[PDB]
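K.L.:
coords_8.cif is the file, holding mmCIF, C-alpha atoms:
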```
data_target
#
loop_
_atom_site.group_PDB
_atom_site.id
_atom_site.type_symbol
_atom_site.label_atom_id
_atom_site.label_comp_id
_atom_site.auth_asym_id
_atom_site.auth_seq_id
_atom_site.Cartn_x
_atom_site.Cartn_y
_atom_site.Cartn_z
ATOM 1 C CA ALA J 418 0.000 0.000 0.000
ATOM 2 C CA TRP J 419 2.434 2.598 -1.276
ATOM 3 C CA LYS J 420 2.238 6.240 -0.179
ATOM 4 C CA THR J 421 2.812 4.764 3.298
ATOM 5 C CA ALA J 422 5.334 1.944 2.766
ATOM 6 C CA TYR J 423 7.893 4.181 1.035
ATOM 7 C CA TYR J 424 8.460 7.939 0.788
ATOM 8 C CA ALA J 425 10.353 10.045 -1.754
ATOM 9 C CA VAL J 426 11.832 13.449 -0.908
ATOM 10 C CA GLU J 427 13.324 16.139 -3.149
ATOM 11 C CA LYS J 428 15.225 19.222 -2.011
ATOM 12 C CA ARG J 429 16.039 21.444 -5.006
ATOM 13 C CA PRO J 430 15.669 21.183 -8.789
ATOM 14 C CA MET J 431 18.600 20.870 -11.157
ATOM 15 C CA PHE J 432 20.787 23.970 -11.462
ATOM 16 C CA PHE J 433 23.407 24.906 -14.056
ATOM 17 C CA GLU J 434 26.361 27.231 -13.460
ATOM 18 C CA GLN J 435 29.234 28.411 -15.638
ATOM 19 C CA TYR J 436 32.761 27.806 -14.337
ATOM 20 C CA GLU J 437 35.253 30.657 -14.701
ATOM 21 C CA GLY J 438 38.159 28.455 -13.613
ATOM 22 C CA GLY J 439 38.330 26.801 -17.032
ATOM 23 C CA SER J 440 36.220 29.092 -19.233
ATOM 24 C CA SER J 441 38.579 30.947 -21.546
ATOM 25 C CA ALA J 442 37.329 33.588 -23.950
ATOM 26 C CA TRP J 443 37.206 30.776 -26.544
ATOM 27 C CA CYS J 444 35.753 27.934 -24.436
ATOM 28 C CA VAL J 445 33.157 27.164 -21.767
ATOM 29 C CA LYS J 446 32.651 24.709 -18.910
ATOM 30 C CA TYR J 447 29.280 24.033 -17.274
ATOM 31 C CA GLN J 448 28.500 22.577 -13.846
ATOM 32 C CA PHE J 449 25.259 21.016 -12.627
ATOM 33 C CA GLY J 450 23.831 19.042 -9.735
ATOM 34 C CA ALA J 451 20.716 18.167 -7.782
ATOM 35 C CA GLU J 452 19.669 16.655 -4.456
ATOM 36 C CA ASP J 453 17.050 14.120 -3.367
ATOM 37 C CA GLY J 454 16.448 11.160 -1.100
ATOM 38 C CA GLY J 455 14.051 8.541 0.183
ATOM 39 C CA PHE J 456 13.299 6.461 3.274
ATOM 40 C CA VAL J 457 11.171 3.381 3.898
ATOM 41 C CA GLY J 458 8.022 4.043 5.899
ATOM 42 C CA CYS J 459 5.906 1.332 7.515
ATOM 43 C CA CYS J 460 7.495 -2.099 7.136
ATOM 44 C CA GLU J 461 4.134 -3.860 7.539
ATOM 45 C CA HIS J 462 2.369 -2.304 4.530
ATOM 46 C CA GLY J 463 3.922 -4.572 1.884
ATOM 47 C CA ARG J 464 4.971 -8.126 1.081
ATOM 48 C CA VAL J 465 7.308 -9.764 -1.429
ATOM 49 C CA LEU J 466 6.973 -13.125 -3.193
ATOM 50 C CA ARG J 467 9.883 -15.418 -4.058
ATOM 51 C CA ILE J 468 10.573 -18.902 -5.388
ATOM 52 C CA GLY J 469 11.271 -21.895 -3.170
ATOM 53 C CA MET X 210 64.101 57.506 -23.540
ATOM 54 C CA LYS X 211 64.219 55.334 -26.651
ATOM 55 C CA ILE X 212 61.903 52.603 -27.957
ATOM 56 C CA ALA X 213 64.318 49.871 -29.017
ATOM 57 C CA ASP X 214 61.657 47.391 -30.149
ATOM 58 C CA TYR X 215 57.923 46.709 -30.275
ATOM 59 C CA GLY X 216 57.951 42.909 -30.016
ATOM 60 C CA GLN X 217 55.603 40.332 -31.500
ATOM 61 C CA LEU X 218 52.134 39.797 -30.028
ATOM 62 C CA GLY X 219 49.468 37.369 -31.183
ATOM 63 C CA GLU X 220 49.291 35.069 -34.197
ATOM 64 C CA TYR X 221 46.854 33.207 -36.412
ATOM 65 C CA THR X 222 45.876 29.944 -34.716
ATOM 66 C CA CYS X 223 43.829 26.872 -35.561
ATOM 67 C CA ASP X 224 40.198 27.335 -34.563
ATOM 68 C CA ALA X 225 40.000 23.989 -32.746
ATOM 69 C CA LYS X 226 42.536 25.083 -30.112
ATOM 70 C CA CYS X 227 41.054 26.477 -26.903
ATOM 71 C CA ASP X 228 43.864 28.762 -25.679
ATOM 72 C CA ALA X 229 46.627 31.102 -26.843
ATOM 73 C CA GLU X 230 50.320 31.718 -26.244
ATOM 74 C CA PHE X 231 52.467 34.495 -24.821
ATOM 75 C CA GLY X 232 54.566 36.492 -27.258
ATOM 76 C CA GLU X 233 57.858 38.294 -26.762
ATOM 77 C CA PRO X 234 57.136 41.869 -25.595
ATOM 78 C CA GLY X 235 59.146 44.857 -26.715
ATOM 79 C CA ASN X 236 62.025 46.701 -25.096
ATOM 80 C CA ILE X 237 62.504 50.273 -23.876
ATOM 81 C CA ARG X 238 65.868 51.819 -23.022
ATOM 82 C CA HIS X 239 67.030 54.772 -20.935
ATOM 83 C CA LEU X 240 69.883 56.866 -22.330
ATOM 84 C CA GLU X 241 71.758 59.966 -21.195
ATOM 85 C CA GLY X 242 74.396 62.329 -22.533
ATOM 86 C CA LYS X 243 76.964 64.894 -21.461
ATOM 87 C CA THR X 244 78.075 68.481 -22.078
ATOM 88 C CA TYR X 245 81.666 69.544 -22.754
ATOM 89 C CA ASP X 246 83.817 72.572 -21.948
ATOM 90 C CA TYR X 247 86.035 74.863 -24.046
ATOM 91 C CA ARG X 248 88.565 77.122 -22.323
ATOM 92 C CA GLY X 249 91.698 79.174 -22.910
ATOM 93 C CA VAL X 250 93.881 81.972 -21.582
ATOM 94 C CA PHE X 251 96.260 84.619 -22.930
ATOM 95 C CA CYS X 252 98.413 87.327 -21.346
ATOM 96 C CA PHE X 253 100.014 90.611 -22.401
ATOM 97 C CA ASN X 254 102.753 92.997 -21.330
ATOM 98 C CA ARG X 255 101.215 96.297 -20.298
ATOM 99 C CA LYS X 256 103.741 98.772 -21.713
ATOM 100 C CA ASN X 257 104.171 96.966 -25.035
ATOM 101 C CA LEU X 258 100.415 96.616 -25.477
ATOM 102 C CA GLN X 259 99.916 100.293 -24.610
ATOM 103 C CA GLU X 260 102.622 101.587 -26.971
ATOM 104 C CA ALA X 261 101.937 99.362 -29.988
#
```
Could you take the file, read its structure, and then write that structure out as C-alpha cells?
P.N.:
Amino acid sequence: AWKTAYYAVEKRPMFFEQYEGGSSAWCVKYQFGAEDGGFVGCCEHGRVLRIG
Amino acid sequence: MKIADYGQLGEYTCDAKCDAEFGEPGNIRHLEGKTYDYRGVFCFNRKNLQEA
C-alpha cells in the first residue's frame, strides 16, 4: 500500500552554473547538480513473493 | 628615452585550439648624454700693449 510503505523526498531542482576556472574567452565549462532522497516508511504495509 | 623594439604579439591559430600563447614583448631603453667645456687663456705685457 504505497504512499505509506515508502516515501520520496526532493530538495532542489537541477541547477546549471558556468565555471570561470576553465572558461577561456574561446571555451566554456558548465556545472550542474541536484539533491534528493528517500526512506522506507511502515514495514508492515507490503509483502514480497519469491521462489522456493 | 628610446623605444628599441615593439615585439611580436598574437598570431593566427587553428580554430579547434582552446587557448593562446604568450609572445615576446618589446624593449625600452634609458639613455643619457653629457656636455663639454672649451677654455683658454692669454696674457700681455702692459707697456708693449699700450705703446703698440
K.L.:
Could you jot down the CA of residue 448 (chain J) to CA of residue 433 (chain J) separation for me, Å, one decimal place?
P.N.:
5.6 Å
K.L.:
Could you list, as a list in words, every residue matched by the PyMOL selection byres ((chain X and resi 229) around 12) in this structure?
P.N.:
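Answer for the PyMOL selection byres ((chain X and resi 229) around 12): residues 441, 442, 443 and 444 of chain J; 218, 219, 220, 221, 222, 223, 224, 225, 226, 227, 228, 230, 231 and 232 of chain X.
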K.L.:
Just the number, please: distance in Å from CA of residue 419 (chain J) to CA of residue 465 (chain J), one decimal.
P.N.:
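For CA of residue 419 (chain J) relative to CA of residue 465 (chain J), the distance reads 13.3 Å.
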K.L.:
Excluding same-chain residues fewer than 4 positions from residue 445 (chain J), what lies within 9 Å of it counting all atoms listed in the file, as an mmCIF file with C-alpha atoms, in the coordinates of the input?
P.N.:
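Once everything was written out, this is around03.cif:
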```cif
data_model
loop_
_atom_site.group_PDB
_atom_site.id
_atom_site.type_symbol
_atom_site.label_atom_id
_atom_site.label_comp_id
_atom_site.auth_asym_id
_atom_site.auth_seq_id
_atom_site.Cartn_x
_atom_site.Cartn_y
_atom_site.Cartn_z
ATOM 1 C CA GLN J 435 29.234 28.411 -15.638
ATOM 2 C CA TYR J 436 32.761 27.806 -14.337
ATOM 3 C CA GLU J 437 35.253 30.657 -14.701
ATOM 4 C CA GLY J 439 38.330 26.801 -17.032
ATOM 5 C CA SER J 440 36.220 29.092 -19.233
ATOM 6 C CA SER J 441 38.579 30.947 -21.546
#
```
K.L.:
Quick one: residues within 9 Å of residue 451 (chain J), only C-alpha atoms counted, chain neighbours fewer than 2 positions away excluded, as a count of residues only?
P.N.:
8
K.L.:
Can I get region 227-242 of chain X with N, CA and C atoms filled in, as a PDB file, in the frame of the given file?
P.N.:
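Result file selection.pdb:
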```pdb
ATOM      1  N   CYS X 227      41.870  25.788 -27.893  1.00  0.00           N
ATOM      2  CA  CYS X 227      41.054  26.477 -26.903  1.00  0.00           C
ATOM      3  C   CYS X 227      41.839  27.474 -26.057  1.00  0.00           C
ATOM      4  N   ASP X 228      43.065  27.812 -26.444  1.00  0.00           N
ATOM      5  CA  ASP X 228      43.864  28.762 -25.679  1.00  0.00           C
ATOM      6  C   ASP X 228      44.826  29.471 -26.627  1.00  0.00           C
ATOM      7  N   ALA X 229      45.680  30.321 -26.061  1.00  0.00           N
ATOM      8  CA  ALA X 229      46.627  31.102 -26.843  1.00  0.00           C
ATOM      9  C   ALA X 229      47.937  31.202 -26.078  1.00  0.00           C
ATOM     10  N   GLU X 230      48.962  31.694 -26.763  1.00  0.00           N
ATOM     11  CA  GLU X 230      50.320  31.718 -26.244  1.00  0.00           C
ATOM     12  C   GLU X 230      50.750  33.134 -25.881  1.00  0.00           C
ATOM     13  N   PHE X 231      51.849  33.217 -25.134  1.00  0.00           N
ATOM     14  CA  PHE X 231      52.467  34.495 -24.821  1.00  0.00           C
ATOM     15  C   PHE X 231      53.556  34.811 -25.836  1.00  0.00           C
ATOM     16  N   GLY X 232      53.565  36.048 -26.314  1.00  0.00           N
ATOM     17  CA  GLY X 232      54.566  36.492 -27.258  1.00  0.00           C
ATOM     18  C   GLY X 232      55.829  36.953 -26.559  1.00  0.00           C
ATOM     19  N   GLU X 233      56.642  37.697 -27.301  1.00  0.00           N
ATOM     20  CA  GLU X 233      57.858  38.294 -26.762  1.00  0.00           C
ATOM     21  C   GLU X 233      57.692  39.806 -26.747  1.00  0.00           C
ATOM     22  N   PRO X 234      57.408  40.428 -25.606  1.00  0.00           N
ATOM     23  CA  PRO X 234      57.136  41.869 -25.595  1.00  0.00           C
ATOM     24  C   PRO X 234      58.360  42.681 -25.997  1.00  0.00           C
ATOM     25  N   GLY X 235      58.118  43.967 -26.227  1.00  0.00           N
ATOM     26  CA  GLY X 235      59.146  44.857 -26.715  1.00  0.00           C
ATOM     27  C   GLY X 235      60.138  45.248 -25.636  1.00  0.00           C
ATOM     28  N   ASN X 236      60.968  46.231 -25.977  1.00  0.00           N
ATOM     29  CA  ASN X 236      62.025  46.701 -25.096  1.00  0.00           C
ATOM     30  C   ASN X 236      62.103  48.218 -25.152  1.00  0.00           C
ATOM     31  N   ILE X 237      62.319  48.833 -23.993  1.00  0.00           N
ATOM     32  CA  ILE X 237      62.504  50.273 -23.876  1.00  0.00           C
ATOM     33  C   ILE X 237      63.805  50.515 -23.129  1.00  0.00           C
ATOM     34  N   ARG X 238      64.538  51.545 -23.540  1.00  0.00           N
ATOM     35  CA  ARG X 238      65.868  51.819 -23.022  1.00  0.00           C
ATOM     36  C   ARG X 238      65.945  53.248 -22.509  1.00  0.00           C
ATOM     37  N   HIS X 239      66.743  53.448 -21.466  1.00  0.00           N
ATOM     38  CA  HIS X 239      67.030  54.772 -20.935  1.00  0.00           C
ATOM     39  C   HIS X 239      68.448  55.164 -21.321  1.00  0.00           C
ATOM     40  N   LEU X 240      68.600  56.367 -21.865  1.00  0.00           N
ATOM     41  CA  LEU X 240      69.883  56.866 -22.330  1.00  0.00           C
ATOM     42  C   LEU X 240      70.117  58.265 -21.782  1.00  0.00           C
ATOM     43  N   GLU X 241      71.388  58.647 -21.684  1.00  0.00           N
ATOM     44  CA  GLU X 241      71.758  59.966 -21.195  1.00  0.00           C
ATOM     45  C   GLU X 241      73.041  60.418 -21.876  1.00  0.00           C
ATOM     46  N   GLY X 242      73.268  61.736 -21.848  1.00  0.00           N
ATOM     47  CA  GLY X 242      74.396  62.329 -22.533  1.00  0.00           C
ATOM     48  C   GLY X 242      75.215  63.192 -21.595  1.00  0.00           C
TER      49      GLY X 242
END
```
